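For reference, the chain that follows is the form deposited without 5-mercapto-2-nitro-benzoic acid, supplied as structure tokens.
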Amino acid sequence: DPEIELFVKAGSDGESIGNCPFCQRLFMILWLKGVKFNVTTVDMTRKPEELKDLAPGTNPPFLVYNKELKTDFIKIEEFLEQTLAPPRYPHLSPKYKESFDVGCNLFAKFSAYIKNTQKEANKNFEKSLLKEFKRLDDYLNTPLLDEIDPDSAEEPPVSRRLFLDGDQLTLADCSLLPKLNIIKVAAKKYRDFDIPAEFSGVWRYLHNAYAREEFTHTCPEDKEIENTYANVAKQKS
């Protein structure tokens, strides 16, 4: 294997894994590739010391691959998917771009919702979030074009696939799952929001996903997520 060290955001104690969904994204990618790697946390309250190195534009997440520094979010993902490739490593890119797009819109609506300072606007922001969850629910319940149901074969009426793009974890899941974890924790804490039980596709996905260590063991403690929104989630009225 190559020498890989992933530098992620440290939590409140300056040591634990912090709330950083792109850090978690990269953590999951490395785990799913099956490559040997280390994860080091960076205490962003001690930048002069922790930011070694440097090149001032270096900020977590960043990664050192055989001594080469790699930076800037998606560029790191692209490099890893390219370099850790078959025959030796598994291909993780999803077949369908839509598997990405459904996740980015959802997190944006949550962000608007959790940052809304006007309690009187809560109904609209909540409806907005729910509508995007319904989009995700629909995506997860609608069979993909290449989908073969294990029990009923091709062209099934409803989807029972495990994950966004099929039955294997892909980059699309590495993007969305950390964000879904954030939404679930933060929205419950600060808006008493639960993801509706009626969204059976979303819940099927969550159950499948929380059964995979690659996701659950890369999550920060819930309180790190709660800490992120402690100030911005305060409302007028």
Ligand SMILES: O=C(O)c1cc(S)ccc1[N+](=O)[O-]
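So that the term is clear: the rigid core is the largest set of C-alpha atoms that superpose within 1.5 Å between two forms. Throughout, we count residues from 1 along the sequence that is shown.
If you look for the form solved in complex with 5-mercapto-2-nitro-benzoic acid, you will not find it shown, but the lines that follow are about it.
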query	finding
Open or blocked: 5-mercapto-2-nitro-benzoic acid superposed from its pose in the entry with it bound, cut-off 2.4 Å to backbone or C-beta	blocked
Per-stretch contact check against 5-mercapto-2-nitro-benzoic acid in the entry with it bound, the hit in 67-75, 141-149, 103-111, 80-88 (non-hydrogen atom, 4.5 angstroms)	103-111
Triplet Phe22, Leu176 and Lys179 all within 4.5 Å of 5-mercapto-2-nitro-benzoic acid in the entry with it bound via a heavy atom	yes
Position that moves between the shown form and the other one after core superposition, taken from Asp138, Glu126, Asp149, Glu81, with Cα shift of 2 Å or more	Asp149
